[PDB]
Amino acid sequence: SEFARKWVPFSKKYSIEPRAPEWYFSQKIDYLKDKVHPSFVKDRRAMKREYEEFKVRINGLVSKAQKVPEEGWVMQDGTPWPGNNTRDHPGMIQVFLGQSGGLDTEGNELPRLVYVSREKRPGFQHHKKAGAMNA
Amino acid sequence: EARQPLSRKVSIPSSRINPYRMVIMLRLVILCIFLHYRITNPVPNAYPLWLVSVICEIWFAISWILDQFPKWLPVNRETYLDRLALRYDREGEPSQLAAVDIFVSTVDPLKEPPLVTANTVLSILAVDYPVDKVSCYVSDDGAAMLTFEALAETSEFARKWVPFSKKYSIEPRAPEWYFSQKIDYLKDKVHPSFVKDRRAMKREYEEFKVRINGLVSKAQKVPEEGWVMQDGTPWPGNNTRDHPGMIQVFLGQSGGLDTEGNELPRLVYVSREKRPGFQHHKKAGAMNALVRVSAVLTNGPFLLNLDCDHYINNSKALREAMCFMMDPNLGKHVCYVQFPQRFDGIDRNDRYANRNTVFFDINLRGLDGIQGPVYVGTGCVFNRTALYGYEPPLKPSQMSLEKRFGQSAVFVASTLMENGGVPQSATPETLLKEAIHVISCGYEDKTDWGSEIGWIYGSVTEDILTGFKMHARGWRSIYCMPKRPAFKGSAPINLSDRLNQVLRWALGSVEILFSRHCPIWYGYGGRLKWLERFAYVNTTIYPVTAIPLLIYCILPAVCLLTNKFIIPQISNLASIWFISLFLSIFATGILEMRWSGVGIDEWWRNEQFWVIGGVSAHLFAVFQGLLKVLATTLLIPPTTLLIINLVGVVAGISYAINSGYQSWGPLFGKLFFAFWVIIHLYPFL
Ligand SMILES: OC[C@H]1O[C@@H](O[C@H]2[C@H](O)[C@@H](O)[C@H](O)O[C@@H]2CO)[C@H](O)[C@@H](O)[C@@H]1O
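Reading the values: rules and limits
- Residues numbered from 1 in each chain as written, not as in the entry; some residues may be left out.
- Chains lettered and ligands numbered in written order.
- Part of a larger assembly, values for the part shown.
- Heavy atoms only, no water.
- Helix = DSSP H or I, 4+ residues; strand = E, 2+ residues; numbered from the N terminus.
- Rg over C-alpha atoms; globule rule 2.2 N^0.38 Å.
- Buried < 20%, exposed > 50% of the residue type's maximum accessible area, 1.4 Å probe, protein only.
- Areas by Shrake-Rupley, 256 points an atom, 1.4 Å probe, with all protein chains shown as cover.
- UniProt positions renumbered as here; feature names shortened; annotations may be inferred.
- Contact = heavy atoms within 4.5 Å.
- Near = heavy atom within 4 Å.
- Polar contact = N/O pair within 3.5 Å; in protein donor to acceptor, adjacent residues only side chain to side chain.
- Nonpolar A, V, L, I, M, F, W, Y, C, P; charged D, E, K, R; others polar.
- Pairing = 2+ DSSP bridges.
- Axes fitted to C-alpha atoms, helices over the stretch in contact; angles between N-to-C directions.
- Buried area = accessible area lost by both parts, 1.4 Å probe.
- Salt bridge = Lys/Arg side-chain N within 4 Å of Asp/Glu carboxyl O.
- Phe/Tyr/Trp six-rings, centres within 6.5 Å; stacked < 30°, edge-to-face > 60°.
- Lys NZ or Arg CZ within 6 Å of the ring centre and 35° of its normal.
- Core = buried A, V, L, I, M, F, W, Y, C linked by side-chain atoms within 4.5 Å.
- Patch = residues over 30% accessible without salt bridge, like charges linked within 9 Å, V, L, I, M, F, W, Y side chains within 5 Å.
- Parallel < 35°, antiparallel > 145°, perpendicular 65-115°, else oblique.
- Left-handed = near helix turned anticlockwise from the far one by under 90°.

Listed as the method for this PDB entry is cryo-EM; the listed resolution is 3.2 Å.

Peer 1: Give me the lowdown on the overall build of chain B, citing residues and values where you can.
Peer 2: Each helix and strand counted, chain B has 22 helices and 13 strands in total. In terms of overall size, chain B behaves like a compact globule, its C-alpha atoms giving a radius of gyration of 28 Å where 685 residues would be expected to give roughly 26 Å. In terms of overall dimensions, chain B has a C-alpha envelope of 90 × 65 × 60 Å along the principal axes. Taken across its 685 residues, chain B has 52% of its residues classed as buried. Roughly 32800 Å² of accessible area belongs to chain B as shown, and the carbon and sulfur atoms make up 61% of that amount.

Peer 1: Explain the UniProt feature "binding site: Mn(2+)" (unreviewed entry) in chain B to me, and be specific about the residues and the numbers.
Peer 2: All names here are of chain B. Sequence positions flagged by UniProt for "binding site: Mn(2+)" (unreviewed entry) are, in local numbering, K283 and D307. Across 25 residues, the annotated set stays spatially compact, with a maximum C-alpha separation of 10.2 Å. Assignment of secondary structure puts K283 in helix α8 (residues 283-297). What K283 contacts, discounting residues up to four positions off in sequence, is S105, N305 and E462. Among the structural elements, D307 can be located in strand β7 (residues 302-307). Excluding residues within four positions of it along the chain, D307 makes contact with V104, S105, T120 and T378.

Peer 1: Talk me through the site of the ligand; I want residue IDs and the actual numbers.
Peer 2: All names here are of chain B. Close to the ligand lie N356, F359, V376, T461, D463, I464, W505 and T539. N356 has a polar side-chain atom sitting 3.2 Å from an oxygen atom of the ligand. A total of 470 Å² of accessible area belongs to the ligand in isolation, and the protein chains cover 80% of it. The class makeup of the residues in the shell around the ligand is four nonpolar, three polar and one charged.

Peer 1: Pulling in residues and values, what's your account of the environment of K488 of chain B?
Peer 2: With respect to the helices, strands and loops of the structure, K488 of chain B is situated in strand β13 (residues 487-490). Measuring from C-alpha to C-alpha, the distance between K488 of chain B and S575 of chain B comes to 49 Å, with 87 residues separating the pair along the chain.

Peer 1: Outline the sheet that holds β7 of chain B, listing residues and values.
Peer 2: Residues and elements named next belong to chain B. The strand order across the open sheet formed by eight strands is β5-β6-β4-β3-β7-β11-β9-β12, and the pairing between neighbours is mixed. Each end of this open sheet is capped by a strand with a single partner; those strands are β5 (246-249) and β12 (476-479). Put simply, the sheet's adjacent strands are angled 20° from each other on average, direction ignored. The pairing of strand β3 (residues 100-106) with β7 spans six bridges and is parallel. Across the sheet, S105 pairs through a bridge with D307, a residue of β7. Those strands touched by helix α15 (residues 463-471) are β9 (334-338), β11 (380-383) and β12, and its axis lies near 145° from that of β9.

Peer 1: A description of the interface of chain A and chain B should follow, citing residues and the corresponding values.
Peer 2: Facing 12 residues of chain A, the contacting portion of chain B comprises eight residues. Interface area lost by chain A to chain B is led by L32, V36 and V41 of chain A, which between them contribute 50%. Inspection of the chain A/chain B interface yields one salt bridge. In this structure, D30 of chain A and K209 of chain B form a salt bridge, with 4.0 Å as the shortest nitrogen-oxygen distance. Linking chain A to chain B there are two residue pairs in polar contact. Looking at the side of chain A that touches chain B residue by residue, the classes come out as four nonpolar, one polar and seven charged.

Peer 1: So what's going on with the packing of aromatic side chains? Which residues, and what values?
Peer 2: Enumeration according to the criterion identifies 55 aromatic pairs over all chains in this entry. Look at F34 of chain B and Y37 of chain B: their rings are 6.5 Å apart centre to centre, the planes differ by 50°, and that puts the pair in the tilted class. You can see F34 of chain B and its partner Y37 of chain B sitting in helix α1 (residues 17-39), three residues apart, about one turn around the helix. For the pair formed by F34 of chain B and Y37 of chain B, the shared burial category is buried. Ring-pair connections join several aromatic residues into one group, and the members of that group are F3, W7, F10, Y14, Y24, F25, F40, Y51 and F54 of chain A. Directly above the aromatic system of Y185 of chain B lies the positively charged group of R198 of chain B, at a separation of 3.9 Å from the ring centroid.

Peer 1: Any chance you could break down the nonpolar core for me, citing the residues and the numbers?
Peer 2: Residue and element names in this part refer to chain B. Counting residues in each nonpolar core, the largest one holds 69 residues, and the members touching the most others are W161 and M322. When neighbours within four sequence positions are excluded, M322 is seen to be in contact with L84, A98, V100, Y129, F302, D327 and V381. Of all hydrophobic cores here, the second largest spans 39 residues; its members include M287, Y388, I439 and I453.

Peer 1: Just give me the short version of unusual backbone geometry, but keep the residues and values in it.
Peer 2: A cis amide bond, omega 0°, links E17 of chain A with the succeeding residue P18 of chain A. Within the secondary structure layout, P18 of chain A lies in the loop between α1 (4-14) and α2 (21-24). Here the phi dihedral of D350 of chain B falls at roughly 60°; this positive angle occurs in a residue that is not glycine. Counting through the fold element by element, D350 of chain B comes out in the loop between β10 (342-344) and α10 (357-368). For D350 of chain B, a relative accessible area of 2% translates into the label buried.

Peer 1: Residue-level account of a nonpolar patch on the surface, with values.
Peer 2: Residues and elements named next belong to chain B. Together, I579, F582, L583, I585, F586, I590, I600, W604, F672, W676, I679 and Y682 give the surface a local cluster of nonpolar side chains, amounting to about 1200 Å² of exposed area. Put simply, the parts of the chain that give the nonpolar patch at least two residues each are α19 (572-596), α20 (600-630) and α22 (666-680). Within the secondary structure layout, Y682 lies in the segment after α22. Take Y682: its relative accessible area is 61%, and that puts it in the exposed class.

Peer 1: How would you sum up the pattern of salt bridges? Please name residues and give values.
Peer 2: Residues and elements named next belong to chain B. Scanning all chains against the criterion turns up 31 salt bridges over all chains. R275 serves as the salt-bridge partner of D242, at 3.3 Å between the closest nitrogen and oxygen. Placement of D242 in the loop between α7 (194-220) and β5 and of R275 in the loop between β6 (266-271) and α8 is noted, with a sequence separation of 33 residues between them. The shortest N-O distance in the salt bridge between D448 and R404 comes to 2.9 Å. Of the two residues, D448 is situated in the loop between α14 (428-438) and α15 and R404 in helix α12 (residues 398-404); the sequence distance between them amounts to 44 residues. When its relative accessible area of 18% is taken as the criterion, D448 is described as buried.

Peer 1: Now, about the sheet that holds β13 of chain B: what can you tell me, with residues and values included?
Peer 2: The strand order across the open sheet formed by three strands is β8-β13-β10 (chain B), and the pairing between neighbours is mixed. Both edges of this open sheet fall to β8 (311-312) and β10 of chain B, since each of them pairs with a single strand only.

Peer 1: I'd like a rundown of the packing of helix α18 (residues 546-562) of chain B against helix α21 (residues 636-659) of chain B, residues and numbers included.
Peer 2: All names here are of chain B. With their axes 8 Å apart at the nearest point, α18 and α21 run at an angle of 25° to one another. Here α18 lies roughly parallel to α21, going by the angle between them. Classified by chirality, the crossing of α21 by α18 is left-handed. Judged by residue contacts, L550, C553, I554, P556, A557, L560 and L561 of α18 engage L641, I644, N645, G648, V649, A651, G652 and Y655 from α21. Residues of the contact of α18 with α21, tallied by class, amount to 12 nonpolar, three polar and no charged.

Peer 1: Before we move on, can you summarise the UniProt feature "active site" (unreviewed entry) in chain B with the specific residues and values?
Peer 2: All names here are of chain B. Within this numbering scheme, the UniProt entry marks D141 and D463 as carrying the feature "active site" (unreviewed entry). With respect to the secondary-structure elements, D141 resides in the loop between β4 (134-140) and α5 (145-168). In this structure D141 touches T106, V107, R272, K274 and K282, once residues within four positions along its chain are discounted. Only 3.2 Å separates the side chain of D141 from the side chain of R272, close enough to count as a polar contact.

Peer 1: Can you tell me about the environment of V611 of chain B, naming the residues and giving the values?
Peer 2: Considering the arrangement of structural elements, one finds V611 of chain B in helix α20. For the pair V611 of chain B and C553 of chain B, spaced 58 residues apart in sequence, the C-alpha to C-alpha distance is 9.6 Å.

Peer 1: Which residues make up the pairing of β4 of chain B, and what values do they have?
Peer 2: Residue and element names in this part refer to chain B. Taking burial as the measure, the seven residues of β4 include seven buried ones, the bulk of the element. Strand direction decides the pairing type here: β3 and β4, joined by seven bridges, are parallel. From the neighbouring strand, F103 faces β4, where its bridge partner is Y137. The sheet contact formed by β4 and β6 spans five bridges and is parallel. By the bridge assignment, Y137 is partnered in β6 with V268.

Here's what the structure looks like:
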């Protein structure tokens, strides 16, 4: 969401296809085709560098999360992660971007993004993807 | 002391060409013996299948003799750039090199992308030649505003692109092809400040491409009220069919300065006047108008012709041309210098045979040793005197000039300048008016333009006619083959374009055949070499060969269906000649390979491509030419023919099932013949 805060205005303004940064920046197709805006090259270079830094940050997060701590996961706020036990965790819902989630680089709004994890308890069936879709 | 020639004609050493000639003589003798046998020992009586076969064999032998004769004296040419630089381009003194005017032909910005033309102009403006001795003229036949705006933007970008390429000596100097090369760009680089300059130049080129794309997008939609200039005045070329003549100069003496404070080569955009109901002769008329405008403005002694899709790959091409043009002993008798046509991005297998290395490495090399290569359009440097119709010097009148050239006194006076250039005290405001006058639509009336001088008019490809007319006066042409190709272009992507251009070439050839300029009788008693005339007849009457070939291609199928073979009963006295003839053909192919380095792949591709052309496009061109004289589908005959052969093959084996003891022998010979035909017809179909 933090990276989208700056990625979305670029793709919306320059109408790039595809809008997934991994596949857009890894295409051998000439990226200067049907481009009119005079300020496109520098913006594209800055966006590419920002995406590389974002990928580095994601790799760092994955490397940190690779090792499971003995005392359990702890949030950045300091409270323990409620989903410490996958089989016996409650339900959590978090909203990152939306009406009050913040503004992008152009001062507009961003589509609402919600992270949900349904409650899991031992001995209860969950039906996997069908139950996830219903929830 | 300073008498060493600027160039040398190297004869092919007597270790490959002599075996080649001996093998040609042996093949001629064996062809004569085989045909003498074929005339005798007829097929059993009452079989008309043999007369057609021997007639076709006779025609094939005559065609092969006619094609092989102008290949006896191949020569190469080696240039001394250092001697030319020392003799003329001396350091600390003004350059004495002759001025050059480079013409660039374009017609439609929609069909021809403006980026390619911009890259061509950028490569031309960065040539390794003095800026005061280089002029560039771009002829846009469509009178499009997009071309004018693209040329202005191209000049603006060249203002910074030229110093970079000149300083760092990059190759090629076209930014599109230089920046899109996988070759290590840090090779043979010494200057400490090259990396940052290259990065800045790459970014600037990307921004320039973005600007060009924006201009194209703007010009895509035609406004209802018509195009309007940035100044606010309406675009004069609003109607393509009814627009007047316009000439604009972007860079030059007063066009501005580059990033280093020097000058830039002069760039002129010209569009000849177009009016309804008047013929314009397309590229020939455009070239003639360009020649007249350049004579009025700069009057350069030499003119380099180029299309929009061909860029200068080697920056020293002009020096290579001047090595022949400016030689005191040789330059007096030279009409034009021709460079081989090379295309980038060609398929590695080269299905379409777009490379055409046999014509540019064997045919033209052999032609250079007699009188010179034939004119092929792009990438040629012409002398003004030869273009004007003057005869070459022999080796030991106001009304006439007005009638021959035109009613423009300034142009006639310029034609009399032995060293070129424009006379002093000529006001540029009057030079522009004179150039506009000579570019008018109704100028080439009652004159020799397009009939005896300049680009010769007609519905033909026209690049053979002009060179042949120049050669008929005794002029000598030079074939230059630098190690690095001088110019590079783009090959057709689809087979449709290749077939269409082959059909166009064959139609032009058959049109030349039924015309006054046909080499058989035109120029008789002149200063044209007999072997050169033989080669011209060879390259002129070639598509007629299509008519027997088709018949011969029909010969196996009937031979399979009728159950009779073309040759009589097999005999050892005959089989020896057959096998020895086949071996002679293979040996002469091998030797033609070894002395030229063409390769077995390209040689076999050229053979099968000659077959497919004769059966596909040459046949249609001959039919259309005969219809015109008397008064896709191009792929339809040979496919059918191929299918017919295939069908016949199946039928053949059926007869075997019937006849038992007669399954081998004659049927095997028929299958061998059918396999030979279909393997010649293997590509495409
Ligand atoms: O290739 C340019 C040149 O081709 C001429 O036809 C050639 C043909 O290209 C080549 O493959 C064949 O072997 O010989 C013929 C001889 O005409 C064509 O006539 C020219 O207009 C064209 O510029």
